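Below you will find one chain, with nothing else, as structure tokens; this is the form deposited without ligand CMP, and questions on how it binds or moves follow later.
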């Protein structure tokens, strides 16, 4: 139903909210929820771990089956799997892990995947354990994505930094 509420306009197609993406997915019933995945689709922490836990491991079992056919995703790549109880679809996107020296230029590639979907509930890509500056990631999102993005940021302090950087 894509019943988004309380999202702040950043650009005509990028909105942001201080919220837990799992709780958003349950309220919003989005067509697409984006996971911040790794190449092995192993949902062991951060957004991925949260989304998987909210599916009671339905997402991890489906992810294992895909990886059985595909082998690992490429950095900057994506796949579309079931959203289970969270969404119609989950778009698993692999941003670069800058801690492992993966090129930050692949962040644009990662966000380009969003352009295959009209409306998405998403996190910022390559933030947290992937080591990219989250405000940088928001700039790449805004520059790259032309479809409608509703970004969920869990931490209030980071949310206020992002909004201050973007609008002040």
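Numbering follows the first chain given and starts at 1. Just so we're on the same page, rigid core means the largest C-alpha set that superposes within 1.5 Å between forms.
Undergrad: With the rigid core held as the alignment frame, decide whether 65-73 or 109-117 lies farther from the shown form in 9 other deposited structures of this protein, in terms of RMS C-alpha distance.
TA: Higher average C-alpha offset in 9 other deposited structures of this protein goes to 65-73.
Undergrad: Which wins on mean Cα temperature factor, 67-75 or 88-96?
TA: Of 88-96 and 67-75, the stretch with the higher C-alpha B-factor average is 67-75.
Undergrad: On mean C-alpha B-factor from the PDB entry, just flag whether 114-122 or 26-34 is the higher one.
TA: If you average the C-alpha B-factors of 114-122 and of 26-34, the larger mean comes out for 26-34.
Undergrad: Going by the deposited entry, which of 147, 144, 157, 18 has the highest CA temperature factor?
TA: When the deposited C-alpha B-factors of 147, 144, 157, 18 are compared, 157 is largest.
Undergrad: Based on the entry's values, in what third of the chain does the Cα temperature factor of residue 105 lie: lowest, middle or highest?
TA: For residue 105, whose C-alpha B-factor we compare with every modelled residue in the chain, the answer is the highest third.
Undergrad: Looking at the entry's B-factor column for C-alpha atoms only, identify whether residue 59 ranks in the lowest, middle or highest third of its chain.
TA: Ranked within chain, residue 59 CA B lands in the middle tercile.
Undergrad: Split into thirds by Cα B-factor across the chain's modelled residues, where does residue 53 land: lowest, middle or highest?
TA: Highest third, going by the recorded CA B-factors of the chain.
Undergrad: Within this chain's modelled residues, let me know which third the CA B factor of residue 167 belongs to: lowest, middle or highest.
TA: According to the entry, residue 167 has a C-alpha B-factor in the chain's highest third.
There is also a form solved in complex with ligand CMP; it is not shown, and the following applies to it.
Undergrad: Can residue 114 be called a contact residue for ligand CMP in the entry with it bound at 4.5 Å between heavy atoms?
TA: Looking in the entry with it bound, residue contacts with ligand CMP do not include residue 114, since no heavy atom lies within 4.5 Å.
Undergrad: Could you tell me if residue 136 has a non-hydrogen atom within 4.5 Å of ligand CMP in the entry with it bound?
TA: Result no; residue 136 lies far from ligand CMP in the entry with it bound.
Undergrad: Residue-level question: is residue 38 within 4.5 Å of ligand CMP in the entry with it bound, judged on heavy atoms?
TA: Residue 38: contacts ligand CMP in the entry with it bound.
Undergrad: Under a 4.5 Å heavy atom criterion, is residue 120 part of the interface with ligand CMP in the entry with it bound?
TA: Contact check for residue 120: no, nothing within 4.5 Å of ligand CMP in the entry with it bound.
Undergrad: At a 4.5 angstroms cut-off on non-hydrogen atoms, which residues of 34-53 are near ligand CMP in the entry with it bound? List them in order.
TA: Those in contact are 35, 36, 37, 38, 42, 43, 44, 45, 46, 47, 48.
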